[PDB]
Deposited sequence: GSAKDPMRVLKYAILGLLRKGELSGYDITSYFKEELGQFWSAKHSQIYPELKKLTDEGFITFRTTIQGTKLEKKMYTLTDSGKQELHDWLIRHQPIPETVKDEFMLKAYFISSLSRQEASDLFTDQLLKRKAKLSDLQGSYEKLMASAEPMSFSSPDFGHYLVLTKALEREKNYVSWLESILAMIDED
């Protein structure tokens, strides 16, 4: 039920058609919480069946969203990063092959960072907690910081490899 709360959250600022929900997943929401098309309407069906939407949130849906929002949950198990599995097995690579693999990864992370920086610039063309775009600013700065940090770590490791 990976889309339950994304969808309830989308409806938090008032009614939307299904096309409009589908369209929200093609924009900024789908960079960090991607949906498959085949998941969306079945989730919409379940949510309606559960009393949480009728698409507008019901009182019940608002409560369900709110309860999830404030719930403190343990940090989950680490996300499997296939690149890092390779790094774990680096003993099986020559120094030159390690360099090539890490350099390729560094290029890709820097490239992803430039795409994020373009998105940031668009968003920011005076941020505060009270801004309506604060949630968007949170997911975009989180992604910026994550990729900057990855780039920094890769540069450090390459200085050990090279």
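- Against the full deposited sequence, the model leaves out several stretches, namely 1-7, 62-75, 147-149, 187-188.
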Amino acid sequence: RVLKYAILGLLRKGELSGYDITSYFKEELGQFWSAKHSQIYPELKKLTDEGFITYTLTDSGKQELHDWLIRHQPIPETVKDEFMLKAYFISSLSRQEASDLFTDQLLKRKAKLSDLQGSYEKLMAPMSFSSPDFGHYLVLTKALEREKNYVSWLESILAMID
From here on, numbers count along this sequence of modelled residues.
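Throughout, rigid core stands for the largest set of C-alpha atoms superposing within 1.5 Å between the two forms.
- Per-stretch RMS Cα distance to the displayed form in 4 other deposited structures of this protein, following rigid core alignment, is highest for 21-29 when 138-146 and 21-29 are compared.
- Averaged as a root mean square over residues and superposed structures in 4 other deposited structures of this protein, CA distances to the shown form are larger in 36-44; the pair compared was 105-113 and 36-44 with a core fit.
- Mean CA B-factor, 149-157 versus 10-18: the higher value falls on 10-18.
- Taking only CA atoms, the mean B-factor in the PDB entry is higher for 20-28 than for the other of 20-28 and 135-143.
- Residue-level inspection of the entry shows that, of 93, 123, 111, 35, 35 has the top Cα B-factor.
- Comparing the listed residues 103, 119, 39, 63, the entry records the largest Cα B-factor for 39.
- In this PDB entry, residue 86 carries a Cα temperature factor that places it within the lowest third of its chain's modelled residues.
- The entry lists a Cα temperature factor for residue 107 that places it in the lowest third of the chain's modelled residues.
- When the modelled residues of the chain are ordered by C-alpha B-factor, residue 69 sits in the middle third.
- When the CA B factors of the chain's modelled residues are split into thirds, the value for residue 127 lands in the middle one.
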